[PDB]
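Protein chains in written order, with PDB author numbering: chain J2, 289 to 336; chain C2, 289 to 336.
Report on the structure given below.
There are 2 protein chains.
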Amino acid sequence: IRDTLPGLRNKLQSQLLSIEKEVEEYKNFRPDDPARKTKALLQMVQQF
Amino acid sequence: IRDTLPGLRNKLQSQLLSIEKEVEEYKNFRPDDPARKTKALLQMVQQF
Numbered sequence: 289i290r291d292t293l294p295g296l297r298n299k300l301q302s303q304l305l306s307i308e309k310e311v312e313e314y315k316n317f318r319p320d321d322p323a324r325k326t327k328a329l330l331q332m333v334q335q336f
Numbered sequence: 289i290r291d292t293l294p295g296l297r298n299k300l301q302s303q304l305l306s307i308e309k310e311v312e313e314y315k316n317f318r319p320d321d322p323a324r325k326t327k328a329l330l331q332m333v334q335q336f
């Protein structure tokens with residue numbers, strides 16, 4: 289199986305990269321959190 | 289005295305028109321400004 293792992297380890301390391309950004313918001317989410325709620329509202333309004 | 293009044297009235301109406309727009313965002317002001325602070329922060333960030 290090896291002799292391909294460095295190709296495959298990178299092949300799914302990039303996959304982990306493509307989601308690590310949103311995983312930051314998702315690790316510590318608690319309902320009713322005013323800080324996250326208002327920050328999301330502000331960025332949504334700005335992009336709108 | 290009564291001849292001059294129309295000019296004063298229209299000029300002061302124009303001046304109140306000038307100031308009312310600034311009063312629009314200044315209808316209310318409470319200590320510690322719970323939401324005005326966030327709104328002004330967003331305005332400054334967008335301006336920057």
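Beta carbons are placed, not taken as given, at the ideal position from N, Cα and C, and that holds for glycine.
If we ignore side chains and look at the alpha-carbon of each, how far apart do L300 (chain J2) and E313 (chain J2) end up? 21 Å
Have a look at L329 (chain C2) and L304 (chain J2) and give me their C-alpha separation to the nearest angstrom. 34 Å
Can you grab the Cα-Cα spacing for the pair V333 (chain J2) / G295 (chain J2), in whole Å? 41 Å
Along the segment 315-330 of chain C2, what residues have a CB closer than 7 Å to any CB found in chain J2? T326 and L330
Contact criterion: CB-CB distance below 8 Å. Does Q334 (chain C2) meet it with respect to chain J2? yes
Return the first residue and the last residue of the alpha helix (DSSP H) that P319 (chain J2) is part of. Counting along the chain, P319 (chain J2) falls outside any alpha helix (DSSP H), and DSSP gives it neither H nor E.
Using the C-alpha atoms, what's the distance from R318 (chain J2) back to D320 (chain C2)? 26 Å
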